[PDB]
Every structure is written in C-alpha cells, then in structure tokens.
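Worksheet: one structure, shown below.
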Amino acid sequence: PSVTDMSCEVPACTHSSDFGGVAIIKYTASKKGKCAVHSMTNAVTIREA
Amino acid sequence: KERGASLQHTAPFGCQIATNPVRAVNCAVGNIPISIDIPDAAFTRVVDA
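Chains B and D are the protein sequences, given in the same order. Note that the first sequence ends on residue 342 in the authors' numbering; no numbers are left out. Note that the second sequence ends on residue 293 in the authors' numbering; no numbers are left out.
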C-alpha cells in the first residue's frame with residue numbers, strides 16, 4: 294500500500310534509555326497491508342519494525 | 245470584675261482560642277509550604293489522555 298498526507302506530532306518526549314519518545318503520525322493510505330517503518334536519521338530508534 | 249476583654253475577643257488576625265488544652269485556631273498569618281511526593285500510579289501519559 295501507498296500513503297499520502299502524512300503528518301507527525303510528538304506530544305511527549307523525554308530523551309532516556311527507555312522509549313521516552315512517542316510519535317503519533319496521521320496519514321491516509323490506499324489499501325490494507327504491512328508496512329515497514331525506518332528512521333533515516335541515526336539519532337532516533339523505533340521499537341516497532 | 246475588672247478583668248477586661250479576654251484574648252478570645254482582643255487577639256488580632258481573628259485567632260479563635262479554645263482550652264482543655266489551650267490552643268490558637270485559624271490565625272491568618274503568613275503562608276505555608278507544602279510538599280507532595282505523588283506516586284506514579286496516579287499519572288497517565290499524554291498519549292493515553
């Protein structure tokens with residue numbers, strides 16, 4: 294599936310050892326399916342793949 | 245007989261004094277610091293709100 298109208302908001306973030314940052318991304322997709330998430334910036338790491 | 249007004253009526257700042265034991269109640273003077281060590285179960289993360 295392809296996507297469009299992506300927006301990202303971080304309502305709470307704390308730089309710590311645990312997952313102290315949470316980001317809510319509003320989107321619009323085209324169909325149901327599995328999508329891979331990856332950070333292009335080395336400074337941020339997401340728990341979910 | 246020549247006792248005059250008691251401290252119950254003449255004391256400033258509206259202190260009300262009771263006995264058995266002797267105590268001064270509700271003396272409106274100054275301020276007061278209060279420290280609250282609130283536990284962590286009461287809190288909810290911003291995303292859950």
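For each residue, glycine too, the CB sits at the ideal point set by N, CA and C.
Distance between residue j and residue i (C-alpha atoms, nearest Å)
{"i": "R289(D)", "j": "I317(B)", "result": "13 angstroms"}
{"i": "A262(D)", "j": "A255(D)", "result": "13 angstroms"}
{"i": "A268(D)", "j": "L251(D)", "result": "10 angstroms"}
{"i": "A342(B)", "j": "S279(D)", "result": "43 angstroms"}
{"i": "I339(B)", "j": "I282(D)", "result": "30 angstroms"}
{"i": "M333(B)", "j": "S310(B)", "result": "20 angstroms"}
{"i": "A336(B)", "j": "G274(D)", "result": "51 angstroms"}
8 angstroms Cβ shell around residue i - same chain, five flanking residues per side excluded
{"i": "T307(B)", "result": "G313 and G314"}
Nonlocal neighbours in the same chain, by C-beta distance under 6 angstroms from residue i, ignoring five residues either side
{"i": "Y320(B)", "result": "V296 and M299"}
{"i": "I276(D)", "result": "none"}
{"i": "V303(B)", "result": "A316"}
{"i": "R247(D)", "result": "none"}
{"i": "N270(D)", "result": "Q260"}
Three-way DSSP call (helix, strand, coil) for residue i in this model
{"i": "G326(B)", "result": "coil"}
{"i": "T321(B)", "result": "strand"}
{"i": "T338(B)", "result": "coil"}
{"i": "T297(B)", "result": "strand"}
{"i": "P304(B)", "result": "strand"}
Beta-carbon proximity list for residue i, same chain, < 7 angstroms, skipping 5 on both sides
{"i": "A272(D)", "result": "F257 and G258"}
{"i": "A305(B)", "result": "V315"}
Rounded distance between the beta-carbons of residue j and residue i, thought under 8 angstroms
{"i": "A329(B)", "j": "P294(B)", "result": "Rounded, the Cβ-Cβ distance is 12 angstroms, inconsistent with contact."}
Heavy atom of the ligand FAD within 7 angstroms of residue i beta-carbon
{"i": "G258(D)", "result": "The model on display carries no ligand, and the ligand FAD is accordingly not part of it."}
message: Output needed in chain order: residues of the region 266 to 293 of chain D with a Cβ under 8 angstroms from some Cβ in chain B.
response: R289, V290 and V291
- request: With 8 angstroms as the C-beta to C-beta threshold (strictly closer), list the residues of the region 303 to 319 of chain B near chain D in chain order.
  value: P304, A305, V315 and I317
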